[PDB]
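So this one's work.pdb, PDB, C-alpha atoms:
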```
ATOM      1  CA  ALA F   1      20.075 -80.095 -14.689  1.00  0.00           C
ATOM      2  CA  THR F   2      16.343 -80.044 -15.464  1.00  0.00           C
ATOM      3  CA  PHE F   3      14.194 -76.894 -15.736  1.00  0.00           C
ATOM      4  CA  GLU F   4      10.402 -76.994 -15.729  1.00  0.00           C
ATOM      5  CA  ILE F   5       8.981 -73.944 -17.512  1.00  0.00           C
ATOM      6  CA  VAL F   6       5.352 -73.284 -16.545  1.00  0.00           C
ATOM      7  CA  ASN F   7       3.049 -70.722 -18.204  1.00  0.00           C
ATOM      8  CA  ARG F   8       0.548 -69.554 -15.586  1.00  0.00           C
ATOM      9  CA  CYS F   9      -0.459 -66.505 -17.661  1.00  0.00           C
ATOM     10  CA  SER F  10      -3.947 -66.377 -19.113  1.00  0.00           C
ATOM     11  CA  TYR F  11      -2.342 -65.812 -22.538  1.00  0.00           C
ATOM     12  CA  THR F  12      -0.101 -67.901 -24.745  1.00  0.00           C
ATOM     13  CA  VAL F  13       3.634 -67.441 -24.331  1.00  0.00           C
ATOM     14  CA  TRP F  14       6.468 -68.693 -26.525  1.00  0.00           C
ATOM     15  CA  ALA F  15       9.235 -69.748 -24.115  1.00  0.00           C
ATOM     16  CA  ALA F  16      12.884 -69.449 -25.157  1.00  0.00           C
ATOM     17  CA  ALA F  17      16.094 -70.845 -23.699  1.00  0.00           C
ATOM     18  CA  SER F  18      19.549 -69.947 -25.004  1.00  0.00           C
ATOM     19  CA  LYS F  19      23.132 -69.439 -23.879  1.00  0.00           C
ATOM     20  CA  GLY F  20      23.796 -66.715 -26.447  1.00  0.00           C
ATOM     21  CA  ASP F  21      25.636 -68.672 -29.125  1.00  0.00           C
ATOM     22  CA  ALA F  22      23.461 -71.802 -29.054  1.00  0.00           C
ATOM     23  CA  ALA F  23      20.046 -73.077 -28.081  1.00  0.00           C
ATOM     24  CA  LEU F  24      19.467 -74.821 -24.766  1.00  0.00           C
ATOM     25  CA  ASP F  25      17.534 -78.030 -25.393  1.00  0.00           C
ATOM     26  CA  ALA F  26      15.062 -77.370 -28.243  1.00  0.00           C
ATOM     27  CA  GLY F  27      15.543 -73.630 -27.701  1.00  0.00           C
ATOM     28  CA  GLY F  28      11.889 -72.585 -27.823  1.00  0.00           C
ATOM     29  CA  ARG F  29       8.307 -73.789 -27.638  1.00  0.00           C
ATOM     30  CA  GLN F  30       4.724 -72.555 -27.600  1.00  0.00           C
ATOM     31  CA  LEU F  31       3.141 -72.723 -24.134  1.00  0.00           C
ATOM     32  CA  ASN F  32      -0.582 -72.270 -23.851  1.00  0.00           C
ATOM     33  CA  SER F  33      -2.066 -71.160 -20.538  1.00  0.00           C
ATOM     34  CA  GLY F  34      -1.215 -73.850 -17.988  1.00  0.00           C
ATOM     35  CA  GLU F  35       1.254 -75.838 -20.115  1.00  0.00           C
ATOM     36  CA  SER F  36       4.607 -77.036 -18.754  1.00  0.00           C
ATOM     37  CA  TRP F  37       7.754 -77.682 -20.728  1.00  0.00           C
ATOM     38  CA  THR F  38      10.626 -79.553 -19.133  1.00  0.00           C
ATOM     39  CA  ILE F  39      14.100 -79.102 -20.626  1.00  0.00           C
ATOM     40  CA  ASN F  40      17.535 -80.530 -19.828  1.00  0.00           C
ATOM     41  CA  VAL F  41      20.412 -78.049 -19.498  1.00  0.00           C
ATOM     42  CA  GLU F  42      23.935 -79.392 -19.647  1.00  0.00           C
ATOM     43  CA  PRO F  43      25.971 -79.180 -16.421  1.00  0.00           C
ATOM     44  CA  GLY F  44      28.567 -76.427 -16.523  1.00  0.00           C
ATOM     45  CA  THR F  45      26.403 -74.168 -18.707  1.00  0.00           C
ATOM     46  CA  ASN F  46      27.566 -70.588 -18.246  1.00  0.00           C
ATOM     47  CA  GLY F  47      25.340 -67.636 -19.134  1.00  0.00           C
ATOM     48  CA  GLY F  48      22.063 -69.435 -19.773  1.00  0.00           C
ATOM     49  CA  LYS F  49      18.894 -67.369 -20.055  1.00  0.00           C
ATOM     50  CA  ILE F  50      15.204 -68.239 -20.142  1.00  0.00           C
ATOM     51  CA  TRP F  51      12.520 -65.764 -21.197  1.00  0.00           C
ATOM     52  CA  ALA F  52       9.012 -65.423 -22.584  1.00  0.00           C
ATOM     53  CA  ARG F  53       7.974 -64.041 -25.968  1.00  0.00           C
ATOM     54  CA  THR F  54       4.523 -62.546 -26.619  1.00  0.00           C
ATOM     55  CA  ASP F  55       2.270 -62.221 -29.683  1.00  0.00           C
ATOM     56  CA  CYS F  56       4.240 -64.508 -31.974  1.00  0.00           C
ATOM     57  CA  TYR F  57       3.363 -65.863 -35.406  1.00  0.00           C
ATOM     58  CA  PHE F  58       5.367 -68.700 -36.941  1.00  0.00           C
ATOM     59  CA  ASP F  59       4.902 -70.895 -39.985  1.00  0.00           C
ATOM     60  CA  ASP F  60       5.648 -74.508 -40.718  1.00  0.00           C
ATOM     61  CA  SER F  61       9.393 -73.829 -41.082  1.00  0.00           C
ATOM     62  CA  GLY F  62       9.399 -72.116 -37.635  1.00  0.00           C
ATOM     63  CA  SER F  63      10.122 -68.591 -38.907  1.00  0.00           C
ATOM     64  CA  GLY F  64       7.964 -65.615 -38.013  1.00  0.00           C
ATOM     65  CA  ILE F  65       8.060 -62.767 -35.503  1.00  0.00           C
ATOM     66  CA  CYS F  66       7.242 -61.939 -31.882  1.00  0.00           C
ATOM     67  CA  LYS F  67       6.377 -58.540 -30.473  1.00  0.00           C
ATOM     68  CA  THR F  68       8.626 -59.016 -27.434  1.00  0.00           C
ATOM     69  CA  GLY F  69      11.696 -61.196 -27.100  1.00  0.00           C
ATOM     70  CA  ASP F  70      12.101 -62.116 -30.782  1.00  0.00           C
ATOM     71  CA  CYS F  71      15.312 -64.091 -31.396  1.00  0.00           C
ATOM     72  CA  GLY F  72      15.908 -63.372 -35.061  1.00  0.00           C
ATOM     73  CA  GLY F  73      12.469 -64.598 -36.111  1.00  0.00           C
ATOM     74  CA  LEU F  74      13.049 -68.227 -35.080  1.00  0.00           C
ATOM     75  CA  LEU F  75      10.798 -70.408 -32.944  1.00  0.00           C
ATOM     76  CA  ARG F  76      13.877 -72.265 -31.625  1.00  0.00           C
ATOM     77  CA  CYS F  77      16.153 -69.525 -30.343  1.00  0.00           C
ATOM     78  CA  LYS F  78      19.883 -69.831 -30.990  1.00  0.00           C
ATOM     79  CA  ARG F  79      20.711 -66.461 -29.468  1.00  0.00           C
ATOM     80  CA  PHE F  80      19.138 -63.913 -27.169  1.00  0.00           C
ATOM     81  CA  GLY F  81      15.871 -62.081 -27.627  1.00  0.00           C
ATOM     82  CA  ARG F  82      15.071 -58.496 -28.489  1.00  0.00           C
ATOM     83  CA  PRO F  83      14.108 -56.351 -25.457  1.00  0.00           C
ATOM     84  CA  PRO F  84      11.877 -55.881 -23.569  1.00  0.00           C
ATOM     85  CA  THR F  85      12.423 -59.295 -21.916  1.00  0.00           C
ATOM     86  CA  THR F  86      12.259 -60.230 -18.262  1.00  0.00           C
ATOM     87  CA  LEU F  87      15.257 -62.533 -17.888  1.00  0.00           C
ATOM     88  CA  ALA F  88      15.871 -65.645 -15.839  1.00  0.00           C
ATOM     89  CA  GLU F  89      19.668 -66.005 -15.796  1.00  0.00           C
ATOM     90  CA  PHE F  90      21.816 -68.865 -14.574  1.00  0.00           C
ATOM     91  CA  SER F  91      25.329 -70.295 -14.516  1.00  0.00           C
ATOM     92  CA  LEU F  92      25.548 -73.954 -13.493  1.00  0.00           C
ATOM     93  CA  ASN F  93      28.323 -75.905 -11.737  1.00  0.00           C
ATOM     94  CA  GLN F  94      30.712 -72.984 -11.266  1.00  0.00           C
ATOM     95  CA  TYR F  95      33.214 -74.379  -8.740  1.00  0.00           C
ATOM     96  CA  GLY F  96      30.553 -76.550  -7.097  1.00  0.00           C
ATOM     97  CA  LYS F  97      27.796 -73.899  -7.031  1.00  0.00           C
ATOM     98  CA  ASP F  98      24.871 -72.744  -9.189  1.00  0.00           C
ATOM     99  CA  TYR F  99      24.053 -69.021  -9.560  1.00  0.00           C
ATOM    100  CA  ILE F 100      20.587 -67.727 -10.480  1.00  0.00           C
ATOM    101  CA  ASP F 101      18.934 -64.343 -10.811  1.00  0.00           C
ATOM    102  CA  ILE F 102      16.147 -62.429 -12.475  1.00  0.00           C
ATOM    103  CA  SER F 103      17.153 -59.357 -14.469  1.00  0.00           C
ATOM    104  CA  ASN F 104      15.302 -56.236 -15.649  1.00  0.00           C
ATOM    105  CA  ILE F 105      18.442 -54.908 -17.368  1.00  0.00           C
ATOM    106  CA  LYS F 106      16.868 -55.738 -20.738  1.00  0.00           C
ATOM    107  CA  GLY F 107      13.420 -54.497 -19.690  1.00  0.00           C
ATOM    108  CA  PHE F 108      10.278 -56.311 -18.583  1.00  0.00           C
ATOM    109  CA  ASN F 109       7.590 -58.071 -20.531  1.00  0.00           C
ATOM    110  CA  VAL F 110       6.149 -60.944 -18.476  1.00  0.00           C
ATOM    111  CA  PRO F 111       6.110 -61.433 -14.658  1.00  0.00           C
ATOM    112  CA  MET F 112       8.232 -64.345 -13.526  1.00  0.00           C
ATOM    113  CA  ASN F 113       9.131 -66.616 -10.591  1.00  0.00           C
ATOM    114  CA  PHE F 114      12.495 -68.418 -10.676  1.00  0.00           C
ATOM    115  CA  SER F 115      12.810 -71.109  -7.962  1.00  0.00           C
ATOM    116  CA  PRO F 116      14.741 -74.326  -7.290  1.00  0.00           C
ATOM    117  CA  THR F 117      12.857 -77.616  -7.104  1.00  0.00           C
ATOM    118  CA  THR F 118      15.606 -79.153  -4.949  1.00  0.00           C
ATOM    119  CA  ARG F 119      16.773 -77.967  -1.514  1.00  0.00           C
ATOM    120  CA  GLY F 120      19.360 -75.506  -0.271  1.00  0.00           C
ATOM    121  CA  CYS F 121      18.429 -72.009  -1.518  1.00  0.00           C
ATOM    122  CA  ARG F 122      15.539 -69.580  -1.981  1.00  0.00           C
ATOM    123  CA  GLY F 123      13.939 -68.425  -5.214  1.00  0.00           C
ATOM    124  CA  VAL F 124      13.493 -64.942  -6.645  1.00  0.00           C
ATOM    125  CA  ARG F 125      10.434 -63.279  -8.092  1.00  0.00           C
ATOM    126  CA  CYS F 126       9.467 -60.217 -10.119  1.00  0.00           C
ATOM    127  CA  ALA F 127       5.648 -60.202 -10.287  1.00  0.00           C
ATOM    128  CA  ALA F 128       4.716 -56.520 -10.089  1.00  0.00           C
ATOM    129  CA  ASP F 129       2.699 -54.780 -12.809  1.00  0.00           C
ATOM    130  CA  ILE F 130       5.703 -53.105 -14.397  1.00  0.00           C
ATOM    131  CA  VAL F 131       4.031 -52.819 -17.816  1.00  0.00           C
ATOM    132  CA  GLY F 132       1.004 -51.036 -16.373  1.00  0.00           C
ATOM    133  CA  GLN F 133       3.134 -48.622 -14.342  1.00  0.00           C
ATOM    134  CA  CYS F 134       5.802 -48.175 -17.029  1.00  0.00           C
ATOM    135  CA  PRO F 135       7.078 -44.595 -17.508  1.00  0.00           C
ATOM    136  CA  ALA F 136       5.796 -43.085 -20.734  1.00  0.00           C
ATOM    137  CA  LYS F 137       9.235 -42.874 -22.397  1.00  0.00           C
ATOM    138  CA  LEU F 138       9.948 -46.560 -21.723  1.00  0.00           C
ATOM    139  CA  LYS F 139       6.650 -48.102 -22.921  1.00  0.00           C
ATOM    140  CA  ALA F 140       7.282 -50.412 -25.828  1.00  0.00           C
ATOM    141  CA  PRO F 141       4.483 -50.190 -28.426  1.00  0.00           C
ATOM    142  CA  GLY F 142       4.465 -53.966 -28.859  1.00  0.00           C
ATOM    143  CA  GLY F 143       3.866 -54.312 -25.130  1.00  0.00           C
ATOM    144  CA  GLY F 144       6.273 -54.467 -22.238  1.00  0.00           C
ATOM    145  CA  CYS F 145       8.541 -51.905 -20.617  1.00  0.00           C
ATOM    146  CA  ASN F 146      11.976 -51.142 -22.091  1.00  0.00           C
ATOM    147  CA  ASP F 147      15.123 -50.521 -20.092  1.00  0.00           C
ATOM    148  CA  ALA F 148      16.719 -47.069 -20.341  1.00  0.00           C
ATOM    149  CA  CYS F 149      19.789 -48.410 -22.181  1.00  0.00           C
ATOM    150  CA  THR F 150      17.680 -49.893 -25.002  1.00  0.00           C
ATOM    151  CA  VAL F 151      15.725 -46.636 -25.383  1.00  0.00           C
ATOM    152  CA  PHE F 152      18.360 -43.913 -25.041  1.00  0.00           C
ATOM    153  CA  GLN F 153      21.725 -45.553 -25.813  1.00  0.00           C
ATOM    154  CA  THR F 154      23.869 -43.427 -23.462  1.00  0.00           C
ATOM    155  CA  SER F 155      27.017 -44.424 -21.556  1.00  0.00           C
ATOM    156  CA  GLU F 156      25.206 -43.829 -18.262  1.00  0.00           C
ATOM    157  CA  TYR F 157      22.216 -46.118 -18.933  1.00  0.00           C
ATOM    158  CA  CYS F 158      24.322 -48.825 -20.608  1.00  0.00           C
ATOM    159  CA  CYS F 159      27.222 -48.543 -18.113  1.00  0.00           C
ATOM    160  CA  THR F 160      29.499 -48.525 -21.137  1.00  0.00           C
ATOM    161  CA  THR F 161      32.626 -47.205 -19.332  1.00  0.00           C
ATOM    162  CA  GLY F 162      32.166 -49.713 -16.471  1.00  0.00           C
ATOM    163  CA  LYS F 163      31.178 -46.866 -14.163  1.00  0.00           C
ATOM    164  CA  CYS F 164      27.554 -45.722 -13.843  1.00  0.00           C
ATOM    165  CA  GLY F 165      25.036 -45.039 -11.118  1.00  0.00           C
ATOM    166  CA  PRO F 166      21.375 -45.747 -10.473  1.00  0.00           C
ATOM    167  CA  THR F 167      19.050 -43.627 -12.575  1.00  0.00           C
ATOM    168  CA  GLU F 168      15.480 -42.444 -12.280  1.00  0.00           C
ATOM    169  CA  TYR F 169      14.592 -45.190 -14.776  1.00  0.00           C
ATOM    170  CA  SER F 170      16.521 -47.975 -13.036  1.00  0.00           C
ATOM    171  CA  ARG F 171      15.018 -46.917  -9.696  1.00  0.00           C
ATOM    172  CA  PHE F 172      11.557 -47.493 -11.211  1.00  0.00           C
ATOM    173  CA  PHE F 173      12.358 -51.171 -11.882  1.00  0.00           C
ATOM    174  CA  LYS F 174      14.108 -51.533  -8.521  1.00  0.00           C
ATOM    175  CA  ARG F 175      11.182 -50.116  -6.534  1.00  0.00           C
ATOM    176  CA  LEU F 176       8.669 -52.499  -8.120  1.00  0.00           C
ATOM    177  CA  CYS F 177      11.047 -55.516  -8.145  1.00  0.00           C
ATOM    178  CA  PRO F 178      13.822 -55.259  -5.542  1.00  0.00           C
ATOM    179  CA  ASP F 179      14.942 -58.882  -6.174  1.00  0.00           C
ATOM    180  CA  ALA F 180      15.881 -58.276  -9.843  1.00  0.00           C
ATOM    181  CA  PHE F 181      18.860 -56.454 -11.327  1.00  0.00           C
ATOM    182  CA  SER F 182      17.748 -52.966 -12.348  1.00  0.00           C
ATOM    183  CA  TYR F 183      21.011 -51.801 -14.000  1.00  0.00           C
ATOM    184  CA  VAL F 184      24.396 -53.296 -14.780  1.00  0.00           C
ATOM    185  CA  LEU F 185      26.179 -52.339 -11.501  1.00  0.00           C
ATOM    186  CA  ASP F 186      23.144 -52.944  -9.322  1.00  0.00           C
ATOM    187  CA  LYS F 187      24.011 -54.499  -5.995  1.00  0.00           C
ATOM    188  CA  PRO F 188      23.805 -58.203  -6.895  1.00  0.00           C
ATOM    189  CA  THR F 189      20.568 -60.059  -6.214  1.00  0.00           C
ATOM    190  CA  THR F 190      22.183 -63.347  -7.271  1.00  0.00           C
ATOM    191  CA  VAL F 191      21.194 -66.473  -5.319  1.00  0.00           C
ATOM    192  CA  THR F 192      23.751 -69.204  -4.609  1.00  0.00           C
ATOM    193  CA  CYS F 193      22.399 -72.756  -4.889  1.00  0.00           C
ATOM    194  CA  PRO F 194      24.113 -76.144  -4.530  1.00  0.00           C
ATOM    195  CA  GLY F 195      25.684 -77.373  -7.746  1.00  0.00           C
ATOM    196  CA  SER F 196      23.427 -79.476 -10.006  1.00  0.00           C
ATOM    197  CA  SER F 197      20.184 -78.113  -8.549  1.00  0.00           C
ATOM    198  CA  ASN F 198      16.925 -78.268 -10.522  1.00  0.00           C
ATOM    199  CA  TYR F 199      14.568 -75.378 -11.167  1.00  0.00           C
ATOM    200  CA  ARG F 200      11.150 -74.134 -12.192  1.00  0.00           C
ATOM    201  CA  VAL F 201      10.521 -70.901 -14.097  1.00  0.00           C
ATOM    202  CA  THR F 202       6.883 -69.797 -13.756  1.00  0.00           C
ATOM    203  CA  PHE F 203       5.461 -67.064 -15.972  1.00  0.00           C
ATOM    204  CA  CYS F 204       2.734 -64.981 -14.269  1.00  0.00           C
ATOM    205  CA  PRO F 205       3.339 -66.614 -10.846  1.00  0.00           C
ATOM    206  CA  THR F 206       0.549 -64.804  -9.002  1.00  0.00           C
ATOM    207  CA  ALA F 207      -2.001 -63.848 -11.699  1.00  0.00           C
TER
END
```

Can the structure from this file be put into structure tokens for me?
Amino acid sequence: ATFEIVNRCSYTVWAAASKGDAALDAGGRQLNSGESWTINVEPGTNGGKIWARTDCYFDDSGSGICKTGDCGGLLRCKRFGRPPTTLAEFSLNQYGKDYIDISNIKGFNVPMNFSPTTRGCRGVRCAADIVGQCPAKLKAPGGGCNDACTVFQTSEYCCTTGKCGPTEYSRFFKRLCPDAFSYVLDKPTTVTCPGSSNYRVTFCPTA
């Protein structure tokens, strides 16, 4: 499958794509405002994620740091990024279907549209100003809005026992972005697409 990753933000983003134990394609790249990066993801990929990182500095060897979404200080991510990270999530070619979603379970840093470029299913979007509205206790100093599990580390926020309910913090994410997961047992906002669809992730889709 092919994914076009488009930075519509007015600021530079460092895109990342990983399946947790390995990079997808090159795994990461600088995207200036307006730049597009097309990657090839292998059919049958399970648990892929795409996200944006902000305020990064890297050297020549590709080591450095980002203020949101850092993946162990590498430009080319091999594993997942440090919250807060708005997450595009996908599993491809699972019994003839593709499954996509946007997730706020690891917080929010950049607004995002996640849409197919082929036919047969709708896209999902989380483009509200979650950072600006972020509750005081969840604001990440580096920018972005942390999830309650990252901040407080309780069984309720992290759904550690497999049972947990909505919280005042999860309801904040859900009210601004109903189409994204707000906690682990949120009623699924997953979209079912035909197998081997193609996709576009757009950062800052409206502004």

For the file shown, report as an mmCIF file with C-alpha atoms, in the coordinates of the input the outcome of the PyMOL selection byres ((chain F and resi 206) around 12) at residue level.
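Saved as result-v6.cif:
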```
data_model
loop_
_atom_site.group_PDB
_atom_site.id
_atom_site.type_symbol
_atom_site.label_atom_id
_atom_site.label_comp_id
_atom_site.auth_asym_id
_atom_site.auth_seq_id
_atom_site.Cartn_x
_atom_site.Cartn_y
_atom_site.Cartn_z
ATOM 1 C CA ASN F 7 3.049 -70.722 -18.204
ATOM 2 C CA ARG F 8 0.548 -69.554 -15.586
ATOM 3 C CA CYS F 9 -0.459 -66.505 -17.661
ATOM 4 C CA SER F 10 -3.947 -66.377 -19.113
ATOM 5 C CA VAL F 110 6.149 -60.944 -18.476
ATOM 6 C CA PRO F 111 6.110 -61.433 -14.658
ATOM 7 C CA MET F 112 8.232 -64.345 -13.526
ATOM 8 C CA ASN F 113 9.131 -66.616 -10.591
ATOM 9 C CA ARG F 125 10.434 -63.279 -8.092
ATOM 10 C CA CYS F 126 9.467 -60.217 -10.119
ATOM 11 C CA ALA F 127 5.648 -60.202 -10.287
ATOM 12 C CA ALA F 128 4.716 -56.520 -10.089
ATOM 13 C CA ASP F 129 2.699 -54.780 -12.809
ATOM 14 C CA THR F 202 6.883 -69.797 -13.756
ATOM 15 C CA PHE F 203 5.461 -67.064 -15.972
ATOM 16 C CA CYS F 204 2.734 -64.981 -14.269
ATOM 17 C CA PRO F 205 3.339 -66.614 -10.846
ATOM 18 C CA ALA F 207 -2.001 -63.848 -11.699
#
```

* Run the PyMOL selection byres ((chain F and resi 27) around 8) against the file shown and list the residues it catches, as a list in words. =>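 Selected by the PyMOL selection byres ((chain F and resi 27) around 8) in this file: residues 16, 17, 18, 23, 24, 25, 26, 28, 29, 75, 76, 77 and 78 of chain F.
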
Please check which residues have atoms at most 6 Å from (23.2, -66.9, -28.3) in the file's coordinates, counting all atoms listed in the file, and write them as a ChimeraX atom specification. /F:18-22,78-80

Can you write out the residues you just picked, keeping C-alpha atoms, as a compact mmCIF listing (two decimals), keeping the file's coordinate frame?
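And here is the file that came out, out-v2.txt:
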```
# COMPACT_ATOMS: atom_id res chain seq x y z
CA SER F 18 19.55 -69.95 -25.00
CA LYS F 19 23.13 -69.44 -23.88
CA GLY F 20 23.80 -66.72 -26.45
CA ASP F 21 25.64 -68.67 -29.12
CA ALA F 22 23.46 -71.80 -29.05
CA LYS F 78 19.88 -69.83 -30.99
CA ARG F 79 20.71 -66.46 -29.47
CA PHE F 80 19.14 -63.91 -27.17
```

Who sits within 6 Å of residue 145 in chain F, only C-alpha atoms, same chain under 4 positions skipped, as a ChimeraX atom specification
/F:84,107-108,131,134,138-140

- Evaluate the PyMOL selection byres ((chain F and resi 45) around 8) here and jot the selected residues down as a list in words.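 Applying the PyMOL selection byres ((chain F and resi 45) around 8) to the structure shown produces residues 19, 41, 42, 43, 44, 46, 47, 48, 91, 92 and 93 of chain F.
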
Expressed in Å, the length from CA of residue 63 in chain F to CA of residue 151 in chain F is 26.4 Å

So that I can check the surroundings of residue 53 in chain F, please list as an MDAnalysis selection string every protein, DNA and RNA residue that reaches within 6 Å of it, counting all atoms listed in the file and ignoring chain neighbours fewer than 6 positions away.
chainID F and resid 13:14 68:69

Using the selection just defined, write its residues with C-alpha atoms as a PDB file, in the coordinates of the input.
```pdb
ATOM      1  CA  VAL F  13       3.634 -67.441 -24.331  1.00  0.00           C
ATOM      2  CA  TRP F  14       6.468 -68.693 -26.525  1.00  0.00           C
ATOM      3  CA  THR F  68       8.626 -59.016 -27.434  1.00  0.00           C
ATOM      4  CA  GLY F  69      11.696 -61.196 -27.100  1.00  0.00           C
TER       5      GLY F  69
END
```

Just give me the residues with any atom within 10 Å of (10.8, -52.9, -12.0), file coordinates, counting all atoms listed in the file, written as a compact mmCIF listing (two decimals) with C-alpha atoms, in the frame of the given file.
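Output contents, as saved in point-v5.txt:
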```txt
# COMPACT_ATOMS: atom_id res chain seq x y z
CA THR F 86 12.26 -60.23 -18.26
CA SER F 103 17.15 -59.36 -14.47
CA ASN F 104 15.30 -56.24 -15.65
CA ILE F 105 18.44 -54.91 -17.37
CA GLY F 107 13.42 -54.50 -19.69
CA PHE F 108 10.28 -56.31 -18.58
CA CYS F 126 9.47 -60.22 -10.12
CA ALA F 127 5.65 -60.20 -10.29
CA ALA F 128 4.72 -56.52 -10.09
CA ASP F 129 2.70 -54.78 -12.81
CA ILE F 130 5.70 -53.10 -14.40
CA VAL F 131 4.03 -52.82 -17.82
CA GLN F 133 3.13 -48.62 -14.34
CA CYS F 134 5.80 -48.18 -17.03
CA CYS F 145 8.54 -51.90 -20.62
CA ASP F 147 15.12 -50.52 -20.09
CA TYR F 169 14.59 -45.19 -14.78
CA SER F 170 16.52 -47.98 -13.04
CA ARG F 171 15.02 -46.92 -9.70
CA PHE F 172 11.56 -47.49 -11.21
CA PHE F 173 12.36 -51.17 -11.88
CA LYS F 174 14.11 -51.53 -8.52
CA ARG F 175 11.18 -50.12 -6.53
CA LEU F 176 8.67 -52.50 -8.12
CA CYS F 177 11.05 -55.52 -8.14
CA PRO F 178 13.82 -55.26 -5.54
CA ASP F 179 14.94 -58.88 -6.17
CA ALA F 180 15.88 -58.28 -9.84
CA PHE F 181 18.86 -56.45 -11.33
CA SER F 182 17.75 -52.97 -12.35
```

Of F:165, F:194, F:144, F:96, the one sitting nearest residue 82 in chain F when using all atoms listed in the file is F:144

Please reconstruct the missing atoms of range 25-37 of chain F (target: N, CA, C and O atoms) and return them as a compact mmCIF listing (two decimals), in the coordinates of the input.
```
# COMPACT_ATOMS: atom_id res chain seq x y z
N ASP F 25 18.57 -77.07 -25.04
CA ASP F 25 17.53 -78.03 -25.39
C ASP F 25 16.97 -77.63 -26.76
O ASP F 25 17.73 -77.19 -27.63
N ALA F 26 15.65 -77.74 -26.96
CA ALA F 26 15.06 -77.37 -28.24
C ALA F 26 15.13 -75.87 -28.52
O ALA F 26 14.96 -75.46 -29.68
N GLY F 27 15.35 -75.04 -27.51
CA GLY F 27 15.54 -73.63 -27.70
C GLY F 27 14.29 -72.78 -27.66
O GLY F 27 14.40 -71.58 -27.41
N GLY F 28 13.12 -73.35 -27.93
CA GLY F 28 11.89 -72.58 -27.82
C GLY F 28 10.69 -73.47 -28.04
O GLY F 28 10.78 -74.54 -28.66
N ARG F 29 9.54 -73.02 -27.52
CA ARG F 29 8.31 -73.79 -27.64
C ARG F 29 7.11 -72.92 -27.29
O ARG F 29 7.18 -72.06 -26.40
N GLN F 30 6.00 -73.16 -27.98
CA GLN F 30 4.72 -72.56 -27.60
C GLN F 30 4.24 -73.15 -26.29
O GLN F 30 4.29 -74.37 -26.09
N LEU F 31 3.80 -72.29 -25.37
CA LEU F 31 3.14 -72.72 -24.13
C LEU F 31 1.79 -72.04 -24.01
O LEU F 31 1.71 -70.83 -23.74
N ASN F 32 0.72 -72.81 -24.17
CA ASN F 32 -0.58 -72.27 -23.85
C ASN F 32 -0.71 -72.09 -22.34
O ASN F 32 0.12 -72.55 -21.55
N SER F 33 -1.75 -71.38 -21.94
CA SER F 33 -2.07 -71.16 -20.54
C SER F 33 -2.16 -72.47 -19.78
O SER F 33 -3.03 -73.30 -20.06
N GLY F 34 -1.26 -72.66 -18.81
CA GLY F 34 -1.22 -73.85 -17.99
C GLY F 34 -0.21 -74.90 -18.41
O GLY F 34 0.06 -75.83 -17.63
N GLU F 35 0.36 -74.80 -19.62
CA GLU F 35 1.25 -75.84 -20.11
C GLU F 35 2.63 -75.76 -19.44
O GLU F 35 3.08 -74.69 -19.00
N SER F 36 3.28 -76.91 -19.35
CA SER F 36 4.61 -77.04 -18.75
C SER F 36 5.52 -77.71 -19.75
O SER F 36 5.12 -78.64 -20.46
N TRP F 37 6.75 -77.24 -19.78
CA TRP F 37 7.75 -77.68 -20.73
C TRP F 37 9.00 -77.95 -19.92
O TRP F 37 9.56 -77.03 -19.31
```
